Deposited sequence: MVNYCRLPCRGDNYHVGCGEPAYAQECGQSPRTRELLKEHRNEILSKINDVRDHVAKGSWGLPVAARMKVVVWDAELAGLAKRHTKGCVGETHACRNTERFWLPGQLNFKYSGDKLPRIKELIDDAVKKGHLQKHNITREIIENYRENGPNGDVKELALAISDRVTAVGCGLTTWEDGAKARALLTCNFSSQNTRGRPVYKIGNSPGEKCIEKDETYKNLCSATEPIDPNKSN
């Protein structure tokens, strides 16, 4: 699609419209960083690991009726990469696609004396999400609320409307620090006041077909509509 000709409600510019450029806010030494096959696989592995663990009713959270295995989406990743070139986490850009009408988005920021390897940047993001298990509750799962501490990152990873993810990464130097912005776009968003995922008495009880690897999740062909909410 030509993103310049894909409108969105609110009429904001689309992150994918026009030629890519680094924002002035990146300072003068930014570098977008390629997430190779190994990195993409690791991101997927950790997201599917947590989904599978939650789906069987872990952490005092409910059993999930129809939580799908997530795949990597190149288009979402390309848009996430473009976003990182701005060196700013939250913006008002549109980021819709023809397949995914309201993609969710997570932004992981790093600042430190030294720049960690790409793998360490991913590990740090995973750690942040994992530690939110102490913040999330059965209540949040039944009725999504984002502020209360943080749960946005972990909660999006375990949304049963989510079907795909794609991330990007830019690193730079400013304020006497190495900095990074790792952005992950998801096929869907959690919806305020609606369940993060639907409960079942048994994991994947409402899957047409369960996955063989992630035994508590639906397989990759599960016809979950990412543009519908709970």
Residue ranges with no C-alpha coordinates, please: along the deposited sequence, counted from 1, in order.
-> 1, 150 to 151
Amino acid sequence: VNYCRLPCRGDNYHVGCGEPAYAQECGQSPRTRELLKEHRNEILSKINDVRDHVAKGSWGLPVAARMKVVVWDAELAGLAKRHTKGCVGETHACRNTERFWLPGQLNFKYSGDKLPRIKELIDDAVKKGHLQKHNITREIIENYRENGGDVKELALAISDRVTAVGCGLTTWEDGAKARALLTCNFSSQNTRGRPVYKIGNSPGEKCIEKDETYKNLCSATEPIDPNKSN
From here on, numbers count along this sequence of modelled residues.
Mean B factor on CA atoms, stretches 84 to 92 and 138 to 146, record says higher is 138 to 146
Tell me which of 71 to 79 and 115 to 123 has the higher mean C-alpha B-factor in the deposited entry.
-> 115 to 123
Options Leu131, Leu106, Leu102, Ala157 - largest CA temperature factor per the record = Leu131
Selection by C-alpha B-factor (highest) of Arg66, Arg194, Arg31, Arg40 = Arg194
Assert third(CA B-factor, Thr183) within chain per record equals lowest
By its CA B factor, does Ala21 count among the lowest, middle or highest third of the modelled residues in the chain?
-> middle
Third of chain Cα B-factors occupied by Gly166 = lowest
Chain third (lowest, middle, highest) by recorded CA B-factor, residue given as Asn2 | highest
For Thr213, the third of its chain into which the C-alpha B factor falls = highest
